[PDB]
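Accompanying notes for the structure given below.
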Amino acid sequence: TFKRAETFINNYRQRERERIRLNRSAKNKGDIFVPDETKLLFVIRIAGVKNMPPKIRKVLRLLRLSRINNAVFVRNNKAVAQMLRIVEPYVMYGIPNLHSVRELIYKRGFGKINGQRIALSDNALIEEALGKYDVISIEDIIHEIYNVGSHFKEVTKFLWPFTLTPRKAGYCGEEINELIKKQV
Amino acid sequence: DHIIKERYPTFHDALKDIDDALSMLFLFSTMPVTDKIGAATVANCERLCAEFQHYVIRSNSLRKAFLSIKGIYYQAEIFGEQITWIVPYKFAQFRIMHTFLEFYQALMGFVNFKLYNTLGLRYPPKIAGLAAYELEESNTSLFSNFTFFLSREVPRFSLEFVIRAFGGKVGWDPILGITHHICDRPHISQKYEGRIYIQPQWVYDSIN
RNA sequence: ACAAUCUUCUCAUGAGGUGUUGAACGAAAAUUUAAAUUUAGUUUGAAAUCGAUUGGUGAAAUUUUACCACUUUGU
């Protein structure tokens with residue numbers, strides 16, 4: 001449709017607002033919050049606003065948030081924090097409680113095997129694809145993801161960016177399970 | 001209330017016609033939550049299914065348990081009437097369905113309240129699976145008192161609930177959900193002290 | 001979508017805090033190295049009829065930064 005001039009200015013203001021927060025938080029504020037209580041999170045994307053800063057665009061892609069509500073098993077450590085804080089305005093990070101991960105895997109589990117949404121319905125699919133990864137079933141997937149097993153990164157690659165379609169632009173902790181409960 | 005009274009002249013008619021409602025509730029207890037369905041409705045259906053399983057466990061009304069391809073078929077005798085329910089497996093798989101589910105949930109709640117009153121249990125029960133739902137008071141011996149255990153490959157909680165329903169004490173791994181070791185594979189090594197490798201078919205055959 | 005993260009302080013006792021519409025008028029000093037910054041000041045409607053500084057830096061896939069600024073642009 002016909003875009004009105006106010007929308008273009010609103011994009012510029014948000015961009016300048018987005019650019020500023022990025023400049024403060026990253027440069028001269030290298031200190032990071034280091035999320036804890038797990039080795040695995042369930043980050044989701046609230047809304048990637050149009051015309052992102054080019055820094056932002058891969059942060060969704062690399063940690064697998066290329067689409068909205070993409071809940072992914074990410075290795076919880078200091079390393080993800082700065083990248084997530086780069087993308088923190090558009091994401092919610094929270095802990096995948098065992099029930100939430102199991103419930104997600106049991107019903108909404110569509111693991112991105114070969115980059116496609118492959119349902120985790122059959123425990124053999126987890127067993128066959130993750131035989132060397134020690135994940136043998138949906139319950140074992142939770143042990144390898146929610147409990148972040150030895151091959152959690154491989155399990156996460158086996159897993160998918162679960163679209164937990166519904167959110168605050170930051171910490172959730174157990175609130176990711178709340179979204180997962182509604183999503184799954 | 002009035003619709004259920006007209007549809008079911010007596011509790012015997014409701015019990016005989018609750019097989020479809022029980023099957024629908026069990027199927028919806030593990031179905032994904034979408035726009036067509038409601039999260040609260042799914043939670044209510046799961047609570048009704050848990051209450052029905054707990055009531056069957058206390059009354060030991062379960063008679064047969066068959067491991068079918070579609071799911072677990074449980075046949076129970078309540079007030080003489082035979083009730084058959086199908087429990088689908090936990091696998092990653094509309095207005096009329098929602099209306100039928102709502103009617104089934106209302107019928108299940110009324111049946112659970114009547115069963116709890118007859119057995120003396122409080123309705124609704126206070127709310128780990130069935131462990132959260134406390135049955136506070138207000139084969140029939142398939143595994144008797146054998147303290148069976150389940151690893152993180154068998155139905156675990158489903159095996160525990162099915163055994164506890166008829167006559168058993170099957171276990172469940174903490175993530176998944178001694179005298180026996182329930183596992184998908186034989187897993188002789190996984191069979192712990194006392195826990196002998198328990199194939200689900202063997203337990204189902206003994207129950208049936 | 002004329003909506004969004006420009007700072008209730010922070011640490012440590014000191015240090016910081018990252019941030020300013022445009023235009024017009026105007027001292028008189030300094031260093032830095034004429035432009036470059038500071039630099040008495042100012043005036044006005046979020047005012048508006050050329051005048052552009054004109055390099056660098058990356059950072060993607062050479063045109064693209066309409067702030068990317070040397071500490072110099074896609075994790």
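FYI, nothing fancy with the structure tokens labels: chains A, B, ... in order, residues from 1 per chain, ligands from 1 as they appear.
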
Point to revise | Which of range 2-186 of chain B fall in strand (DSSP E or B), as a PyMOL selection string | key: chain B and resi 62-67+72-78+81-87+121+126+134+137+147-150+169+180-182

Export of the given selection (C-alpha atoms) as a PDB file, in the first residue's frame:
ATOM      1  CA  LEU B  62      -9.227 -51.997  34.897  1.00  0.00           C
ATOM      2  CA  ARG B  63      -9.599 -55.456  33.356  1.00  0.00           C
ATOM      3  CA  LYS B  64      -7.630 -55.607  30.089  1.00  0.00           C
ATOM      4  CA  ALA B  65      -4.702 -53.620  28.693  1.00  0.00           C
ATOM      5  CA  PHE B  66      -3.772 -54.222  25.046  1.00  0.00           C
ATOM      6  CA  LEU B  67      -0.793 -52.613  23.294  1.00  0.00           C
ATOM      7  CA  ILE B  72      -2.916 -48.371  24.457  1.00  0.00           C
ATOM      8  CA  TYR B  73      -6.403 -49.881  24.723  1.00  0.00           C
ATOM      9  CA  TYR B  74      -7.690 -50.094  28.303  1.00  0.00           C
ATOM     10  CA  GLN B  75     -10.889 -52.001  29.110  1.00  0.00           C
ATOM     11  CA  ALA B  76     -12.433 -51.459  32.544  1.00  0.00           C
ATOM     12  CA  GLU B  77     -15.626 -52.545  34.303  1.00  0.00           C
ATOM     13  CA  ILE B  78     -17.407 -49.763  36.208  1.00  0.00           C
ATOM     14  CA  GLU B  81     -20.686 -51.548  32.339  1.00  0.00           C
ATOM     15  CA  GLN B  82     -17.613 -52.105  30.165  1.00  0.00           C
ATOM     16  CA  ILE B  83     -15.695 -48.956  29.197  1.00  0.00           C
ATOM     17  CA  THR B  84     -12.977 -48.976  26.528  1.00  0.00           C
ATOM     18  CA  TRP B  85     -10.503 -46.115  26.114  1.00  0.00           C
ATOM     19  CA  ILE B  86      -7.571 -45.530  23.759  1.00  0.00           C
ATOM     20  CA  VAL B  87      -4.469 -43.676  24.966  1.00  0.00           C
ATOM     21  CA  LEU B 121     -12.813 -39.444  47.342  1.00  0.00           C
ATOM     22  CA  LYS B 126      -6.246 -31.834  44.975  1.00  0.00           C
ATOM     23  CA  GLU B 134      -3.734 -36.543  45.399  1.00  0.00           C
ATOM     24  CA  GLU B 137     -10.724 -39.214  50.838  1.00  0.00           C
ATOM     25  CA  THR B 147       7.927 -52.913  42.973  1.00  0.00           C
ATOM     26  CA  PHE B 148       8.670 -52.689  39.266  1.00  0.00           C
ATOM     27  CA  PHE B 149      10.919 -49.989  37.814  1.00  0.00           C
ATOM     28  CA  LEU B 150      11.098 -48.310  34.407  1.00  0.00           C
ATOM     29  CA  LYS B 169       3.282 -50.987  40.828  1.00  0.00           C
ATOM     30  CA  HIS B 180      11.193 -55.345  37.245  1.00  0.00           C
ATOM     31  CA  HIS B 181      13.091 -53.140  34.785  1.00  0.00           C
ATOM     32  CA  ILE B 182      10.775 -51.728  32.113  1.00  0.00           C
TER      33      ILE B 182
END

Exercise for review: Using only C-alpha atoms (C1' of nucleotides), find the residues of chain A whose closest atom to chain C is at most 8 Å away, then write them as number ranges by chain.
Suggested key: A: 6-7, 10, 14, 17-18, 21, 54-59, 62, 83, 89

Exercise for review: List every residue of range 15-147 of chain A that DSSP, applied to the backbone of this structure, places in alpha helix (DSSP H), and write the result as an MDAnalysis selection string.
Suggested key: chainID A and resid 15:26 54:62 78:87 98:103 123:129 138:145

Review point. Got a sec to pull out which chain B residues are within 7 Å of chain A, counting only C-alpha atoms, and send them as a VMD selection string?
Key: chain B and resid 31 to 33 39 90 to 93 152 to 153 175 to 176

Put those residues in a file: C-alpha atoms, as an mmCIF file, in the first residue's frame.
data_model
loop_
_atom_site.group_PDB
_atom_site.id
_atom_site.type_symbol
_atom_site.label_atom_id
_atom_site.label_comp_id
_atom_site.auth_asym_id
_atom_site.auth_seq_id
_atom_site.Cartn_x
_atom_site.Cartn_y
_atom_site.Cartn_z
ATOM 1 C CA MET B 31 -2.494 -33.166 21.184
ATOM 2 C CA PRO B 32 -0.629 -29.945 20.335
ATOM 3 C CA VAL B 33 -2.135 -26.625 21.388
ATOM 4 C CA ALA B 39 -4.702 -24.138 26.464
ATOM 5 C CA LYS B 90 3.401 -39.218 23.027
ATOM 6 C CA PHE B 91 4.418 -38.504 19.432
ATOM 7 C CA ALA B 92 4.952 -35.270 17.493
ATOM 8 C CA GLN B 93 1.985 -35.444 15.129
ATOM 9 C CA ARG B 152 14.038 -43.825 30.364
ATOM 10 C CA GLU B 153 13.017 -45.842 27.301
ATOM 11 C CA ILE B 175 13.035 -37.866 33.398
ATOM 12 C CA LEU B 176 10.737 -40.352 31.653
#

Exercise for review: Write out as a PyMOL selection string the residues lying within 7 Å of residue 156 in chain B, counting only C-alpha atoms (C1' of nucleotides) and excluding same-chain residues fewer than 4 positions away.
Suggested key: chain B and resi 150-151+160+171-173+176-177

Can those selected residues be exported to a file as a compact mmCIF listing (two decimals), in the first residue's frame so that it contains N, CA and C atoms?
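Below you can see again-v8.txt, which holds the result:
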# COMPACT_ATOMS: atom_id res chain seq x y z
N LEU B 150 11.05 -48.61 35.83
CA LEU B 150 11.10 -48.31 34.41
C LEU B 150 12.26 -47.38 34.12
N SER B 151 13.06 -47.73 33.11
CA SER B 151 14.14 -46.86 32.66
C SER B 151 13.58 -45.76 31.76
N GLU B 160 3.54 -47.06 34.53
CA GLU B 160 3.23 -46.95 35.95
C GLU B 160 1.73 -46.74 36.17
N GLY B 171 7.31 -48.84 37.85
CA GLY B 171 8.06 -47.64 38.13
C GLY B 171 8.11 -46.69 36.95
N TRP B 172 8.98 -45.69 37.07
CA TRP B 172 9.16 -44.69 36.02
C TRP B 172 10.46 -43.94 36.28
N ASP B 173 11.27 -43.80 35.24
CA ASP B 173 12.50 -43.03 35.37
C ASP B 173 12.15 -41.57 35.66
N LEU B 176 11.81 -39.74 32.43
CA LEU B 176 10.74 -40.35 31.65
C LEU B 176 9.39 -40.20 32.35
N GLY B 177 9.35 -40.38 33.66
CA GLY B 177 8.11 -40.26 34.41
C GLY B 177 8.31 -39.77 35.83

Review point. So how many Å separate CA of residue 130 in chain B and CA of residue 72 in chain A, to one decimal?
Key: 29.7 Å
